[PDB]
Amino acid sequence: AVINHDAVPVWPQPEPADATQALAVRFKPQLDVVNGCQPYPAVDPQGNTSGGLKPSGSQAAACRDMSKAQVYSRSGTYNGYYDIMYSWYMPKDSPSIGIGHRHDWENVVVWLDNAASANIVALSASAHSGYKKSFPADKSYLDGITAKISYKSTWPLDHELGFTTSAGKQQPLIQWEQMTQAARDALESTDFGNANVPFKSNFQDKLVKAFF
């Protein structure tokens, strides 16, 4: 079922069960929300999904609550690289008060040479239909191995991700690989309207677009 956006519980970050999951925890990015919503949980373990927000208020109205912080990831390989996609869901996406869209799904892909070496080769950040790419990864966008990402709307455009020198915040991570089947099914099948889950059955298609 669709449930109220502020009624989806945060999925606590689990102890990683394996190297794959530990590696995605390691590389959790920082997010600097310059404007718009904080990231919120989009799904619960039962497969309920966030109904999001009608964009009728100011940019951050009713989506200000930092206790609801959540980030998602999904890991894979692509063209010999090891990729971890990190994704945030925001309840709405407003370039100005009272306008914009219900729901927002954004994602960065951290590209590593391989999982064992884990050297960052490149970063991609979702911006509308495409990806901004940092290749070779610009070290000014890295706090050690932590990618520093901005979330921001610049008029006339909706919210998008970018790379930033600015410190950001981190969120409890739940990985696709750690979710319940119910949550995975729901994320696959739910219509998020203007927004799209980037780590569902479209995951390889996204990585292709993200590829540097």
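The first residue of the sequence shown is number 1, and the count goes up from there.
Asks: With respect to the recorded C-alpha B factors, which stretch has the higher mean value, 32-40 or 54-62?
Replies: Result of the comparison: 54-62.
Asks: Averaging C-alpha B-factors over each stretch, which comes out higher, 116-124 or 74-82?
Replies: The deposited B-factors put 74-82 ahead on the C-alpha mean.
Asks: Using the B-factor values recorded in the entry, state whether the Cα atom of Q13 falls in the lowest, middle or highest third among the modelled residues of its chain.
Replies: Its C-alpha B-factor belongs to the lowest third of this chain's values.
Asks: Ordered by C-alpha B-factor within the chain, which third holds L142? Give me lowest, middle or highest, please.
Replies: It falls in the middle third of the chain.
Asks: Divide the modelled residues of the chain into thirds by Cα B-factor and specify which third, lowest, middle or highest, holds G168.
Replies: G168: CA B-factor falls in the middle third of its chain.
Asks: Hey, what third does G130 fall into on Cα B-factor, ranked over its chain?
Replies: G130: CA B-factor falls in the highest third of its chain.
Asks: Which third of the chain holds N48 when residues are ordered by C-alpha B factor: lowest, middle or highest?
Replies: Ranked within chain, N48 CA B lands in the highest tercile.
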